[PDB]
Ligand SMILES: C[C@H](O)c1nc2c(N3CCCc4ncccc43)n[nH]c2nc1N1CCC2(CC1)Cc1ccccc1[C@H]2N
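One chain comes next, on its own, written as structure tokens: the form solved without this ligand.
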């Protein structure tokens, strides 16, 4: 669960909640009111509340006095498990008890103000057996609207003295507690119909041709913020093991110690110099053309990077960062100078030719294994150089033109392995490019008359690598990129 996340509270409201309803070690996370885009970790320690800043410009969640994380749920899981790791004056702050939110806003099934006719319309067009939703009455009360078979049933939810009930039995502290209770224990109608709450009603799948319509509606005060926070709440489902990236020998192979690859999707390296030679902070991304999502090379991982590219038969690399951003190294130069030949362990690379375009540089690389001439293949490195240091480009035209070229290159190469995509941590810009590429590929094959579901695509990608698509800004950029691609069709 992710109930410690309160989406609509102020700092003073946060302070009051921890002072009146919490104890020492009680905490909550919330979006920052003083700096929208940021987050605040509010912790009760010695009868007092501390407000700690969490930053995200698009690469990772950066906790002040803490570490860099892929998701807020990964951050909370780590600190609830590892005490002594979080400091203010250098004093330790412990996350012991999550203070739960009762707010139903970011639940997939909450529709707020919605008619009984409209709820019936939606459950008929998009609903299947067991599809449900929770909307407001119609006053101060709520309505649960289920589909079965086929019919639609309306169950009235009473709100009596800040608790919720279906007209008898238990009284719940939140609509979420009620929904979970009747999801587990389904209500039986007198004539024996089981009102099974199987899955929430889909509210995000749109027909591609109607992108402009939904973008216009999501731009209204914002709807994009609401849609994104509903996706963020689903991240609690994605805390898969990242045990390999934790091994003593693998520690220094990570750019960010706590941003790790899922064990089930990580790229396992097989070249193996005959002890622990099978690790790279990289994951295979499969839609539903594959990708490898990875971090910017470290001086000690360059050789491993080339072993991965060789093993996977990848012929295209998408670099989405400058080597150095804001005076900080984001990726080491893992390729030779133009016309030069370098050996990276057992792997040999020649930089045949570089071509400078407006937003990017193309490098034609020749990769082979040392002592085996019949292993040579061309690797095309597309280096996007103009992405802003913070946030996203103000227009998607540059990214789209670039992705078009990457796609046509990859498509011209017979039996080419997955496309390699990296930035610094390999989750934000990497996640964004991969998702846009996946969505635009659906529109390539099936045309403007196709269903696209942006947060479902992101969720699918996030189960293969942690925190793929970091910010609400990148989320809005994925919509704008797809809108512009459809407009030029």
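Positions refer to the first chain, counted from 1.
Unshown form deposited with this ligand bound; subsequent notes refer to it.
- Within 4.5 Å of this ligand in the deposited complex, a heavy atom is found for every one of 201, 226 and 231.
- Between the options 94, 107, 177, 312, the residue in contact with this ligand in the deposited complex by a heavy atom within 4.5 angstroms is 107.
- Site annotation in the deposited complex: the residue of 363, 348, 330, 111 reaching within 4.5 Å of this ligand with a heavy atom is 111.
- Only one segment in the set 409-417, 332-340, 218-226, 154-162 has residues whose heavy atoms sit within 4.5 Å of this ligand in the deposited complex; it is 218-226.
- Put simply, residue 455 is close to this ligand in the deposited complex: some heavy atom of it is within 4.5 Å.
- Residue 26 falls outside the set of residues with a heavy atom inside 4.5 Å of this ligand in the deposited complex.
- Shown alone here, residue 50 lies farther than 4.5 Å from this ligand in the deposited complex, counting heavy atoms only.
- Not displayed here, this ligand is approached by residue 459 to within 4.5 Å at the level of heavy atoms in the deposited complex.
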